[PDB]
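Everything below concerns the one structure shown next.
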Amino acid sequence: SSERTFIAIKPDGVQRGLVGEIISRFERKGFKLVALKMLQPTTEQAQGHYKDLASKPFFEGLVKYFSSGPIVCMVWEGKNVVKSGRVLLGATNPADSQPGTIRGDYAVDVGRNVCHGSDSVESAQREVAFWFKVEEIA
Amino acid sequence: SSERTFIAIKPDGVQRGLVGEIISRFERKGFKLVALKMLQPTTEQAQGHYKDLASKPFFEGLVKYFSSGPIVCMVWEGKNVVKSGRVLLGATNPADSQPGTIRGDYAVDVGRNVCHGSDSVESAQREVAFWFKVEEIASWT
Amino acid sequence: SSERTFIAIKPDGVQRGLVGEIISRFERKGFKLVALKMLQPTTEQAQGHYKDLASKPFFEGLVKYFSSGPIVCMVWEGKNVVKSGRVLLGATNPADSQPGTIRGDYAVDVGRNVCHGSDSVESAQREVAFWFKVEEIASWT
Amino acid sequence: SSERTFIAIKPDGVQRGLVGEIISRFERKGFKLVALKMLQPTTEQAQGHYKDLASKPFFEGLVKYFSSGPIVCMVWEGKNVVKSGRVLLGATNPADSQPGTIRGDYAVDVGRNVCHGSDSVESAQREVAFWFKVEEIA
Amino acid sequence: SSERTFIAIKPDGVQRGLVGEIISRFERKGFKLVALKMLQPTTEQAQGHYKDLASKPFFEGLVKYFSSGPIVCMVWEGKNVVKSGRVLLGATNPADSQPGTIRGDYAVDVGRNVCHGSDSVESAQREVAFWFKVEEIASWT
Amino acid sequence: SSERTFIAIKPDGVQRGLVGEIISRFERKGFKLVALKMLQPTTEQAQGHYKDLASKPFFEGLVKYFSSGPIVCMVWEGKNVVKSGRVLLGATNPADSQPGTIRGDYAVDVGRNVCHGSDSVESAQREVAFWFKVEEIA
């Protein structure tokens, strides 16, 4: 119930006008929004977000895209919010994403995948701490 | 076109799960979101927000309500966005609000009117400066 | 706030699959559902419902239409719920109805106007007693 | 085509303002609503609804919750309406419920699961007869 | 009831992904779709469409915009469908448009007003003949 | 990215007022509509659409239904639009169609399945060419 997850709507999600849509899907699940802000990520932050792929191909283009414009960062709170958050977004692979999910309804690309969610509670604590100051959290 | 307005979703709007709904209505109109944050207002900020009603007996209930929980602050950018924002929200008094507008669809109280919008370009410049730092405001295309 | 109004979705509203849509619009406004049932009106009930038009030549077509199939009866509770219910429904004549309202979005006929709402607190008290038993009305918070 | 199923929106479903939403999902499937009422279940009825769990744990709290406030009872008619009704609601387990379904979109708990549907035609005939008088059915 | 009107979704409406949304609003009203096509207007057709403004200096920007990409042409059938179509679209100038209407919800420019509707039965008969062949128009129940 | 698929909303889809709904689901996926028209199919065309089933049962009734009224033909363009198009529609079998998909939300029958999508790129090139003239395509 005090569980928290980090959700980030990426620059494509913002440009396509899907910010309210994504938030609505978490509100209607019954999750509690406890932190929220918009910002344009720096290159260093984009690199941090994708640090697991630095030796991986096209890492630069991922980084460029992530910092190509403003994103919206959220912290959602609730039971199983990390795992439920993943389910709401849908499969990482649009060839497997199901309609009813955000990526299923809106995402066509696996890299520009509209939104990000924490893959574990461990990832979430780290991601929340990275993007948010303690004070910004209700 | 570089015009900006301040929109605030109040604690009832947040508690009732209307945050995304309200944002979606501005995105559909074609307005550009350039600042966004959640915060729990201090008593002082709530009082500043309602400063024109400081001598009224319900000034107290407004402030108490406004700071009762987290709110969501936005800055929207676009042509006529200030007046258009008012039109999207609907009449401040839901008893005058038309369905299709946010207050028309969701608000039942004149006090709990879900959200606030700037009444002028002058008010908007003031409200944005009050709630937002220059850095917190984006400039994308 | 303990105020109650009677809302009826008519047979066309039911046949066109608008039952949930209409109920959702009252839930969003923040009104409280306290009675709900489906029934097929008798000729006598339909006539009672339209009693003020009993001397009109289209009284017959109204009654026939009203009892043509099952209707859905509701009682909604909340502040200003009677007048607000009327505003949510829109003008009785869809030719005067504004988009955003139920008749504005869905109704094309002045006769088949999808739904009915009580015109006053007095009418509502009468209509609820006519369509509902005291037991059929809930009292929750 | 004369097949019928029983659907009950539970006290949480009513308080969260989801009554119209759930009905809309059955109307848009093309099912025919033939009985509908709101009532606050008695303790005896709540016990009846959960009779399969009386020797099961926290049975009292389930019963308390079911009768904690008004519910909305429905009878929907159509082909495969029992099985289709289950699919529309989604998996009993929110860790398996899919977005697009009612529980997938709205339910976070497995007990307070927003709504109920008949698990079989046999269960349906019994449930419909229990909650509804023959006269209340169109 | 056999009345018909011409509705056109303009290139901005198509590019912004509002085609289905606009069609859904006419289907909900209960109007009957009897002709539908996508095409990219020629300069000559765009000029014909705006012929009443041929002497105006912004005639050029309208035509350029109207033929900037594919549009979607529709013919809707039903009682009062011409005037009702106008009401569903909302004021031609989004600065007068009410939320609940298409322009009220989506349009920000007086020039880019998303869509067009026939202003009269006379205009509709003319517009349908101009954009559609007799064969392209269905007659179902 | 130049990939195209053929989508046809059938006479039931049009009568139930689902034309805008289906189109909206492709627009929000990010696919590009490049051809669109309404027409009442001839018997010969209905036979062509179902040619794989001519030796199959009730083939006549399928044909009668397909030409029972006006349909809406579309060509959608985008990456994986053929396969994504299938996923958006959902399983051919309503006992397997998932809510969130068009058939999952609206279709109750396997024959009157609301809409049609190309099963392959090969089928798509053929179907597009059959229903559309080159000029009708943007």
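By convention here, the chains of the structure tokens are called A, B, ... in the order presented, each chain's residues are numbered starting at 1, and ligands are numbered starting at 1 in the order presented.
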
Write out as an MDAnalysis selection string which residues come within 7 Å of region 121-135 of chain C when counting only C-alpha atoms, dropping same-chain ones fewer than 6 positions away. chainID C and resid 4:6 82

Please dump the current selection as a PDB file, in the first residue's frame; keep N, CA and C atoms.
```
ATOM      1  N   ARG C   4     -33.741  14.995  -3.998  1.00  0.00           N
ATOM      2  CA  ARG C   4     -33.836  13.857  -4.885  1.00  0.00           C
ATOM      3  C   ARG C   4     -34.605  14.184  -6.136  1.00  0.00           C
ATOM      4  N   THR C   5     -34.199  13.542  -7.228  1.00  0.00           N
ATOM      5  CA  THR C   5     -34.929  13.700  -8.467  1.00  0.00           C
ATOM      6  C   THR C   5     -35.164  12.361  -9.144  1.00  0.00           C
ATOM      7  N   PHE C   6     -36.200  12.327  -9.976  1.00  0.00           N
ATOM      8  CA  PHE C   6     -36.533  11.126 -10.724  1.00  0.00           C
ATOM      9  C   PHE C   6     -36.046  11.266 -12.158  1.00  0.00           C
ATOM     10  N   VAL C  82     -32.280  18.184  -8.952  1.00  0.00           N
ATOM     11  CA  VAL C  82     -33.422  18.316  -9.854  1.00  0.00           C
ATOM     12  C   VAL C  82     -33.102  19.221 -11.050  1.00  0.00           C
TER      13      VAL C  82
END
```

Name the residues in contact with region 24-40 of chain A at a cut-off of 7 Å, using only C-alpha atoms, excluding same-chain residues fewer than 6 positions from it; report them as an NGL selection string. (:A and (67 or 69-78 or 136-138)) or (:B and (17 or 19-21 or 35-38 or 136 or 138)) or (:D and (105-108))

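Between CA of residue 33 (chain B) and CA of residue 71 (chain B) the interatomic distance comes to 16.6 Å.
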
For chain A, which residue among B:101, B:140, B:7, B:86 is the nearest when counting only C-alpha atoms?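 Checking each of B:101, B:140, B:7, B:86 against chain A, counting only C-alpha atoms, the winner is B:140.
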
Can you check which residues of region 38-137 of chain D DSSP gives as strand (DSSP E or B) on the backbone and send them as a PDB file with C-alpha atoms, in the first residue's frame?
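Wrote it out as selection-v4.pdb, contents follow:
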```
ATOM      1  CA  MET D  38     -30.558  -1.638  -6.863  1.00  0.00           C
ATOM      2  CA  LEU D  39     -30.760  -2.941  -3.292  1.00  0.00           C
ATOM      3  CA  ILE D  71     -25.524  -3.186  -5.058  1.00  0.00           C
ATOM      4  CA  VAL D  72     -26.876  -3.236  -8.585  1.00  0.00           C
ATOM      5  CA  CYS D  73     -28.284  -6.529  -9.884  1.00  0.00           C
ATOM      6  CA  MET D  74     -28.675  -7.201 -13.582  1.00  0.00           C
ATOM      7  CA  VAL D  75     -29.791  -9.966 -15.856  1.00  0.00           C
ATOM      8  CA  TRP D  76     -28.217  -9.903 -19.279  1.00  0.00           C
ATOM      9  CA  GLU D  77     -29.521 -11.970 -22.179  1.00  0.00           C
ATOM     10  CA  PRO D  99      -6.707  -4.019 -19.353  1.00  0.00           C
ATOM     11  CA  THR D 101     -11.702  -5.779 -18.977  1.00  0.00           C
ATOM     12  CA  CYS D 115     -18.464  -6.837  -9.946  1.00  0.00           C
ATOM     13  CA  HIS D 116     -19.791 -10.416 -10.078  1.00  0.00           C
ATOM     14  CA  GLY D 117     -20.785 -12.662 -12.956  1.00  0.00           C
TER      15      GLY D 117
END
```

Contacts from chain F to chain C, 12 Å maximum, only C-alpha atoms: show me the residue list as a list in words. residues 15, 16 and 17 of chain F

Just N, CA, C and O atoms for this one: save the residues we selected as an mmCIF file, in the first residue's frame.
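Result went into result-v3.cif, see below:
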```
data_model
loop_
_atom_site.group_PDB
_atom_site.id
_atom_site.type_symbol
_atom_site.label_atom_id
_atom_site.label_comp_id
_atom_site.auth_asym_id
_atom_site.auth_seq_id
_atom_site.Cartn_x
_atom_site.Cartn_y
_atom_site.Cartn_z
ATOM 1 N N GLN F 15 -24.486 -0.568 -39.401
ATOM 2 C CA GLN F 15 -25.806 -0.419 -38.793
ATOM 3 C C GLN F 15 -25.737 -0.212 -37.294
ATOM 4 O O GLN F 15 -26.605 0.450 -36.731
ATOM 5 N N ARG F 16 -24.707 -0.747 -36.651
ATOM 6 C CA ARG F 16 -24.612 -0.582 -35.211
ATOM 7 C C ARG F 16 -23.934 0.744 -34.832
ATOM 8 O O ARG F 16 -23.768 1.050 -33.653
ATOM 9 N N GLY F 17 -23.569 1.542 -35.837
ATOM 10 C CA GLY F 17 -22.963 2.844 -35.598
ATOM 11 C C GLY F 17 -21.554 2.755 -35.025
ATOM 12 O O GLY F 17 -21.222 3.491 -34.082
#
```

For chain A, which of F:125, F:47, F:92, F:97 is the closest residue, counting only C-alpha atoms?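 Closest to chain A of all the choices is F:97.
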
Residue 63 (chain C) environment, 8 Å, only C-alpha atoms, sequence neighbours closer than 2 positions dropped, as an MDAnalysis selection string: chainID C and resid 43 46:47 50 59:61 65:67

Would you tabulate, counting only C-alpha atoms, all residues of chain C that have an atom at most 7 Å from an atom of chain B, showing the closest pair of atoms and their distance in Å to one decimal, sorted by chain then ascending number, as JSON lines?
```
{"residue": "C:28", "atom": "CA", "partner": "B:106", "partner_atom": "CA", "distance": 5.4}
{"residue": "C:29", "atom": "CA", "partner": "B:106", "partner_atom": "CA", "distance": 4.2}
{"residue": "C:30", "atom": "CA", "partner": "B:106", "partner_atom": "CA", "distance": 6.6}
{"residue": "C:88", "atom": "CA", "partner": "B:99", "partner_atom": "CA", "distance": 6.2}
{"residue": "C:100", "atom": "CA", "partner": "B:100", "partner_atom": "CA", "distance": 4.3}
{"residue": "C:101", "atom": "CA", "partner": "B:99", "partner_atom": "CA", "distance": 5.7}
```

Near-residue 109 (chain D) list (10 Å; only C-alpha atoms; drop same-chain fewer than 5 positions) as a PyMOL selection string: (chain A and resi 79-80) or (chain D and resi 92-95+103+114)

Create the file for the chosen residues now, containing C-alpha atoms and written as an mmCIF file, in the first residue's frame.
```cif
data_model
loop_
_atom_site.group_PDB
_atom_site.id
_atom_site.type_symbol
_atom_site.label_atom_id
_atom_site.label_comp_id
_atom_site.auth_asym_id
_atom_site.auth_seq_id
_atom_site.Cartn_x
_atom_site.Cartn_y
_atom_site.Cartn_z
ATOM 1 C CA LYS A 79 -0.634 -2.147 -3.834
ATOM 2 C CA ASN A 80 1.261 -3.985 -6.571
ATOM 3 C CA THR D 92 -10.613 -13.124 -10.814
ATOM 4 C CA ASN D 93 -6.959 -12.441 -10.041
ATOM 5 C CA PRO D 94 -5.949 -8.770 -10.673
ATOM 6 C CA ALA D 95 -2.384 -10.033 -11.224
ATOM 7 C CA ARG D 103 -11.361 -5.692 -13.357
ATOM 8 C CA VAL D 114 -15.942 -4.432 -8.384
#
```

Counting only C-alpha atoms, figure out which residue out of D:134, D:129, D:54, D:18 gets nearest to chain A.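 Of D:134, D:129, D:54, D:18, the one nearest chain A is D:18, counting only C-alpha atoms.
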
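The gap separating CA of residue 27 (chain E) from CA of residue 14 (chain F) is 9.3 Å, in Å to one decimal.
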
To test your reading of the structure, identify every residue in chain F that backbone DSSP assigns to helix (DSSP H, G or I), and report it as a ChimeraX atom specification. /F:11-15,19-29,43-49,51-53,59-66,81-89,102-106,121-131,134-136

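Here CA of residue 21 (chain D) stands at a distance of 19.9 Å from CA of residue 25 (chain B).
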
Surrounding residues of residue 3 (chain C) excluding itself and chain neighbours under 3 positions, 9 Å, only C-alpha atoms, as an mmCIF file with C-alpha atoms, in the first residue's frame:
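Ended up saving to selection08.cif:
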```cif
data_model
loop_
_atom_site.group_PDB
_atom_site.id
_atom_site.type_symbol
_atom_site.label_atom_id
_atom_site.label_comp_id
_atom_site.auth_asym_id
_atom_site.auth_seq_id
_atom_site.Cartn_x
_atom_site.Cartn_y
_atom_site.Cartn_z
ATOM 1 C CA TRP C 76 -30.593 10.541 -7.921
ATOM 2 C CA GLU C 77 -29.646 12.367 -4.740
ATOM 3 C CA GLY C 78 -27.542 15.475 -4.261
ATOM 4 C CA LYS C 79 -27.491 19.251 -4.037
ATOM 5 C CA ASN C 80 -29.568 20.965 -6.796
ATOM 6 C CA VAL C 81 -30.000 17.535 -8.348
ATOM 7 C CA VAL C 82 -33.422 18.316 -9.854
ATOM 8 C CA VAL C 121 -38.716 19.317 -6.296
#
```

Identify which of the residues A:122, A:64, A:10, A:110 lies closest to chain F, counting only C-alpha atoms when measuring atom-to-atom distances. A:110
